[PDB]
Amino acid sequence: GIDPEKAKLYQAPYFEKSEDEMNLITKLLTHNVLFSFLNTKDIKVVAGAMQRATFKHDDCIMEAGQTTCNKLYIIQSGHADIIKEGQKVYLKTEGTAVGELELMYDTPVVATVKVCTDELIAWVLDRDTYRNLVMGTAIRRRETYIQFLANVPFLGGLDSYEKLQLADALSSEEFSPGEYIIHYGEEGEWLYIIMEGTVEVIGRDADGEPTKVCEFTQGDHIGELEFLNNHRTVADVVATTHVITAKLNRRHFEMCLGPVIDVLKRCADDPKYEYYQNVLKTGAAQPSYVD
């Protein structure tokens, strides 16, 4: 990819944006996994470089085999089918991207992208800005996680593409024994998948004192309950050994884990979550919403 010392000398194009346009576009970017590790300044540079395009039902945004696209489209509204060898294989919806496979891996269009709503509105980024300012360590990050994610039970229903979309939004964090991964009573912004080690979940008894609920270990996840039910954290999660986690921000939860939300909701039937069911029944938490 692009030499990082040279990427610093790249100036993206700027197409003047109103404040309202900037707000709209940056919200799309901050919830799309391709931009997960860009800072605010760089998000806004990328937004400034984008241009709007619209399409109608049955238009092809790109067609398998084309070498003349080389653009990244982030969907504001509308849906499109991904068509391989005449078969619909995936549905792209609002906030998602098309064209990233070709830009990341430098190949002609792999699949046809065909609009299936009445209209579709997208924001479009050029290849050079994507390669110089966005792509970064995307391939290395995917290498860091894909083999692990292929072995995680709750992700078994995701295909390779979807597992890699999750990987795009992950970073790693390690904890020594006794360090708190999650504290009770906080906004609850982070979901952790345990790559190694064991944790304990600590609730509160009727007198308000800490009480151990259960343990989790490699392959398990913590932090999803607040994301599902929009409340502040209701337990501490503490490392009981050295722990290595993969970490996902709440802003990427819908895009990355949307397809497994019904799997995550199965915790209601798991005896390890009896304590939480009582939290919900008695209303023992206050709200917290995604930013």
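Residue numbers here begin at 1 and follow the sequence given.
In this entry, the higher average B-factor at the C-alpha atoms falls on 257-265, of the pair 257-265 and 48-56.
Higher mean CA temperature factor between 215-223 and 101-109: 101-109, per the PDB entry.
The maximum CA B-factor among the listed residues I182, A206, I75, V199, taken from the PDB record, is found at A206. Annotation for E85, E173, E143, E162: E85 ranks highest, by Cα B-factor.
Remark: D126 belongs to the middle third of its chain, ranked by C-alpha B-factor as recorded. Ranked by C-alpha B-factor against the other modelled residues of its chain, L158 falls in the highest third. The PDB entry assigns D168 a C-alpha temperature factor belonging to the lowest third of its chain's modelled residues. In this PDB entry, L133 carries a Cα temperature factor that places it within the highest third of its chain's modelled residues.
Annotation for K41: CA B-factor lies in the highest third of the chain's modelled residues.
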